[PDB]
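One structure is given here, and the rest of the page talks about it.
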Amino acid sequence: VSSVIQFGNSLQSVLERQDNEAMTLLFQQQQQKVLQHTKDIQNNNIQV
Amino acid sequence: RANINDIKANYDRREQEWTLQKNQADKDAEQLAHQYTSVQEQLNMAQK
């Protein structure tokens with residue numbers, strides 16, 4: 001039962017790092033999109 | 001005859017002044033076209 005409790009703790013750690021990696025990867029993708037629309041803003045700022 | 005010459009000379013001077021005012025109004029229109037283009041590209045930048 002001590003072995004079962006140890007691998008339950010390991011499963012909880014892996015299972016929260018998986019969701020944190022999903023959140024981090026989504027944030028990286030959407031910041032990569034925002035930093036392109038900001039480049040479009042700076043493209044119009046030189047036409048002005 | 002000298003009075004006739006002075007009347008006609010004043011007519012020539014105000015023709016020259018009209019030419020100056022017409023040219024300055026054309027230059028003001030050529031300014032305001034580009035300033036309209038600037039404000040329209042500011043509108044495109046805000047709309048992005």
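Identifiers for the structure tokens are assigned positionally: chains receive A, B, ... in sequence, residues are indexed from 1 per chain, and ligands are indexed from 1 in the order shown.
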
What lies within 12 Å of residue 45 in chain B using only C-alpha atoms, ignoring chain neighbours under 3 positions off, as a ChimeraX atom specification? /A:37-48 /B:38-42,48
